[PDB]
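Asker: Chains as they are written, first to last, in the authors' numbering: chain B, 25 to 102; chain F, 24 to 102; chain A, 46 to 134; chain E, 48 to 78, 84 to 135; chain D, 35 to 124; chain C, 16 to 112. Don't be surprised by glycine CBs; every beta carbon is placed ideally from N, CA and C. Structure below; questions to follow.
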DNA sequence: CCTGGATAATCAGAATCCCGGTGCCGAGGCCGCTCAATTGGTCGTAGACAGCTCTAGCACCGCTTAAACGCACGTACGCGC
């Protein structure tokens, strides 16, 4: 399931960031960081929805978890 | 011109405390650069609190509140 | 396409990671912190995670390609992605 | 390599008080009365910011193989920090 | 009024033989406030999020769970829950 | 004393006071300040335990700000909680990289 | 003449403890006011969660074409010197 992040996907991601020669294990360095990041948002976001006795993380629970992480997402506020 | 009060041995101690083996030449001015642009963002954000109350004595509380606003809290000056 | 592919995705604005493997990875992470139970994920909540993670990854890559040229390199290395995760806190 | 293990084990202020006080009061008139506790609150955070910025810029130094600091070292560390 | 007497009672509880300086007590008395705000603030925002106006012991619990990392949360969740049951059964 | 009922050393009534007069909410439960004072007391005991151990490891009987810096900077869970923190008269960690 | 090993002479490699002076400091604990936490009557209302409806997430079942896995060549470039 961690190999769902494909090789031209990370290539396009680094191409958006402006990287000319994208390396090898870099592709394994990205999904690792993507495993570090996406955990740290989800560990907070279900913690918000478990206080209201709910089994569904909404967009606002993602916004609150990201505001806890230090970066404010705009275009998902309901 | 009080930017020369931050002297080359002081910047040398600041670099040797940070684990620098060999300091370059412009680092003895670059510090005088960044301490001119960091501290100013500490000064005005500490004087506006002084401009918020009716006072002219800028306490350490305004300083630690400005450093809280910038994002680096300071210990040892609350009460 | 060294001078061609650099000027296309930056002018473009849509997603780069596919939605369904990202959703599967987000669910596989979500079942860890829910004591092992299935969990409903809203369509806005998955796209929010996607838009956050894509922006975070391109920011981490554009903050590491400046470390690539610092060592006289044009080839990105994981030493730059582990150094960019050190001067951020 | 000699005094590196001397200041890291110590805790005293590297920058003197009165030049730092005059430097702070030069910015103060750009926008008063400064307590002696407020000058230490201005000096401790600035010194600990300078030492930490040099420590984080030295990681940019040993990334290119160099051991000597550079003007590009203090301009690349604050770029990732967003300051 | 400050925490310099109650933190000192903790200092004379765990490692009672050692002392402290007057400067470090300036840090500690600040430090507890750094724990006091970020837990009670984020809990108050927890009252503002899910349509509430009451901050019970459940709010501070998930506020510690949202702020403290790992076992520092997993042991602080067993310190306040132990204390609130002792306070309720007085 | 409500702190004697909670078995704490931190004042319950004072924490409830700063929770009510501190503009946090308008209806503070009775379980909130006991939990908050216990969490404060636990973390202060945690940082004083590492401060009290690093004092004797440095052969000193009085806790200095350097001992508080050694308590903070030599703990994974305390450094993760206290990320954007600085210590007055505490210096830095000695390390050669 | 040459050659194996025995021992005789050698200047010149750094830092460290201490008297010789001190000098203004700063902590854990008692008296016991006093006023803000205790206790309590009284007001005052929040959501416990159980009813109820209802947009919406899960999951499947599943159409076409955009997209990814990797081979082979191939050359410029992090790094060795």
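Going by other Cβ atoms of all chains shown within 10 Å of its Cβ, with 16 needed for buried, is residue 99/F buried or exposed?
Answerer: Taking the first residue of the second chain as position 1, residue 99/F is located at position 76. That one is buried.
Asker: Just list the residues that DSSP pairs residue 120/A with in beta bridges.
Answerer: The sequence position of residue 120/A within the third chain is 75, counting from 1. DSSP, once it has assigned bridges, lists 45/B as partnering residue 120/A.
Asker: Apart from the five residues just before and just after residue 38/D, which ones in its own chain have a Cβ nearer than 7 Å to its Cβ?
Answerer: Walking along the fifth chain from the start, residue 38/D turns up at place 4. Counting only Cβ-Cβ distances below 7 Å, and skipping sequence neighbours, we find 59 and 63.
Asker: On a Cα-Cα basis, can you pick out the residue from 72/A, 132/A and 127/A that is closest to residue 134/E?
Answerer: The residue labelled residue 134/E in the question sits at position 82 within the fourth chain. The shortest C-alpha separation from residue 134/E is found at 132/A.
Asker: Could you name the residues of the same chain whose beta carbon sits closer than 7 Å to that of residue 93/B, not counting the 5 residues immediately before and after it, in chain order?
Answerer: Residue mapping note: residue 93/B aligns to position 69 of the first chain, counting from 1. The residues are 64 and 65.
Asker: Among 95/F, 52/F and 25/F, which has the Cα closest to the Cα of residue 93/E?
Answerer: Position 41 of the fourth chain holds residue 93/E. The shortest C-alpha separation from residue 93/E is found at 95/F.
Asker: Can you tell me the Cα-Cα spacing of residue 86/D and residue 45/D, whole angstroms?
Answerer: Position 52 of the fifth chain, counted from the start, is the residue given in the question as residue 86/D. Position 11 of the fifth chain, counted from the start, is the residue given in the question as residue 45/D. For residue 86/D and residue 45/D, the distance between alpha carbons rounds to 38 Å.
Asker: At the level of alpha carbons, what is the spacing between residue 31/C and residue 70/D?
Answerer: Residue numbering aside, residue 31/C sits at position 16 when the sixth chain is read from its first letter. Residue numbering aside, residue 70/D sits at position 36 when the fifth chain is read from its first letter. The straight-line gap from Cα to Cα measures roughly 12 Å.
Asker: Indicate whether residue 33/B and residue 63/A have their beta-carbon atoms separated by less than 8 Å.
Answerer: By 1-based counting over the first chain, the position of residue 33/B is 9. By 1-based counting over the third chain, the position of residue 63/A is 18. Yes, Cβ-Cβ distance for residue 33/B and residue 63/A is below 8 Å.
Asker: For chain F, is any of its Cβ atoms less than 8 Å away from the one on residue 49/C?
Answerer: By 1-based counting over the sixth chain, the position of residue 49/C is 34. No, no contact with chain F.
Asker: Buried or exposed for residue 86/B, please, with buried defined as at least 16 other CB atoms from any protein chain shown within 10 angstroms of its CB.
Answerer: Start at 1 with the first residue of the first chain, and residue 86/B comes out as number 62. Flag for residue 86/B reads buried.
Asker: Please decide whether residue 22/C counts as near chain D, where near means a Cβ-Cβ distance under 8 Å.
Answerer: Position 7 of the sixth chain, counted from the start, is the residue given in the question as residue 22/C. True, the Cβ-Cβ gap to chain D drops below 8 Å.
Asker: Just by C-beta distance, which residues in the stretch 75-96 of chain F are closer than 8 Å to chain D?
Answerer: The stretch 75-96 of chain F vs chain D, Cβ under 8 Å: 96.
Asker: Give me the residue from 38/B, 56/B, 49/B and 62/B with the minimum Cα distance to residue 97/A.
Answerer: Position 52 of the third chain, counting from 1, holds the residue named residue 97/A. Among 38/B, 56/B, 49/B and 62/B, the Cα nearest to that of residue 97/A is on 62/B.
Asker: Taking just the CA atoms, how far does residue 101/D sit from residue 129/E?
Answerer: Translated into the one-based positions of the fourth chain, residue 129/E becomes position 77. Translated into the one-based positions of the fifth chain, residue 101/D becomes position 67. Using only the alpha carbons, I get a separation of about 28 Å.
Asker: CA-CA distance, residue 109/C and residue 68/C?
Answerer: Start at 1 with the first residue of the sixth chain, and residue 109/C comes out as number 94. Start at 1 with the first residue of the sixth chain, and residue 68/C comes out as number 53. Near 18 Å, if we compare the C-alpha coordinates of residue 68/C and residue 109/C.
Asker: Measure from the C-beta of residue 79/C to each C-beta in chain F and report whether the shortest distance is under 8 Å.
Answerer: Translated into the one-based positions of the sixth chain, residue 79/C becomes position 64. It does not; no Cβ of chain F falls within 8 Å.
Asker: Note down, one range per segment and in chain order, each beta strand (DSSP E) of at least 3 residues found wholly within the stretch 47-74 of chain D.
Answerer: For the stretch 47-74 of chain D, not a single whole beta strand (DSSP E) run of length 3 or above is found.
Asker: Tell me, please, whether the stretch 116-129 of chain A touches the stretch 36-48 of chain B by the rule of three or more beta-carbon pairs shorter than 8 Å.
Answerer: Flag = yes, the stretch 116-129 of chain A and the stretch 36-48 of chain B touch.
Asker: Among residues of its own chain, excluding the 5 on either side of residue 24/A, which ones have a beta-carbon nearer than 7 Å to its beta-carbon?
Answerer: A question about residue 24/A goes unanswered here, because the residues of chain A that appear run from 46 up to 134.
Asker: Can you tell me which residues form a DSSP beta bridge with residue 97/F?
Answerer: Numbered from its first residue, the second chain carries residue 97/F at position 74. The partner list for residue 97/F (beta bridge, DSSP) reads 101/C.
Asker: Could you give the DSSP three-state label for residue 73/C: helix, strand or coil?
Answerer: To locate residue 73/C, count along the sixth chain from 1; it is residue 58. Here residue 73/C sits in coil by DSSP.
Asker: Starting from residue 37/F and walking both ways along the alpha helix (DSSP H), at which residues does that stretch end?
Answerer: Position 14 of the second chain, counting from 1, holds the residue named residue 37/F. Start and end: 31-40.
Asker: Pull up the CB-CB distance for residue 49/C and residue 117/D, whole angstroms please, since I reckon it's below 8 Å.
Answerer: Reading the sixth chain from its first residue, position 34 is the one you call residue 49/C. Reading the fifth chain from its first residue, position 83 is the one you call residue 117/D. Rounded, the Cβ-Cβ distance is 5 Å, consistent with contact.
Asker: Using a Cβ-Cβ cut-off of 6 Å (strictly less than) and excluding sequence neighbours within five positions of residue 18/C, which residues of its own chain qualify?
Answerer: Counting from 1 along the sixth chain, the entry for residue 18/C is found at position 3. Here the set comprises 26 and 27.
Asker: Do residue 82/C and residue 73/C come within 8 Å of each other at the CB atom, strictly closer than that value?
Answerer: Position 58 of the sixth chain, counted from the first residue, corresponds to residue 73/C. Position 67 of the sixth chain, counted from the first residue, corresponds to residue 82/C. In contact: residue 73/C and residue 82/C (Cβ atoms closer than 8 Å).
Asker: Within 10 angstroms of its Cβ, does residue 55/A collect 16 or more other Cβ (buried), or is it exposed?
Answerer: Working through the third chain from its first residue, we reach residue 55/A at position 10. Under this definition residue 55/A is an exposed residue.
Asker: For residue 41/D versus residue 59/C, is the C-beta distance shorter than 8 Å?
Answerer: As a working mapping, residue 41/D is identified with position 7 in the fifth chain. As a working mapping, residue 59/C is identified with position 44 in the sixth chain. Against a cut-off of 8 Å, the Cβ pair of residue 59/C and residue 41/D comes out as a contact.
Asker: Please identify the residue among 31/F, 71/F, 68/F and 70/F whose C-alpha is closest to the C-alpha of residue 54/F.
Answerer: As a working mapping, residue 54/F is identified with position 31 in the second chain. Here the closest residue by C-alpha is 31/F.
Asker: When the distance is taken between beta carbons, is residue 68/F closer than 8 Å to residue 83/F?
Answerer: Locating residue 83/F in the second chain gives position 60, where the first residue counts as 1. Locating residue 68/F in the second chain gives position 45, where the first residue counts as 1. Result no, Cβ atoms of residue 83/F and residue 68/F do not sit closer than 8 Å.
Asker: Is the Cβ-Cβ distance between residue 114/D and residue 53/C less than 8 Å?
Answerer: In the fifth chain, the residue the question calls residue 114/D occupies position 80. In the sixth chain, the residue the question calls residue 53/C occupies position 38. Yes, the Cβ-Cβ distance between residue 114/D and residue 53/C is below 8 Å.
Asker: So residue 126/E contacts chain C; which residues on that side make the cut at Cβ distance below 8 Å?
Answerer: By 1-based counting over the fourth chain, the position of residue 126/E is 74. Chain C residues near residue 126/E: none, gap ~17 Å exceeds 8 Å.
Asker: For residue 90/D, which option in 96/C, 105/C and 35/C has the closest C-alpha, if you only look at C-alpha atoms?
Answerer: As a position in the fifth chain, residue 90/D is number 56, starting the count at 1. Closest option to residue 90/D, Cα to Cα, is 35/C.
Asker: Along the chain, where does the alpha helix (DSSP H) containing residue 25/F start, and where does it finish?
Answerer: On the second chain, residue 25/F is found 2 positions in, with the first residue counted as 1. Per DSSP, residue 25/F belongs to no alpha helix (DSSP H) and is neither H nor E.
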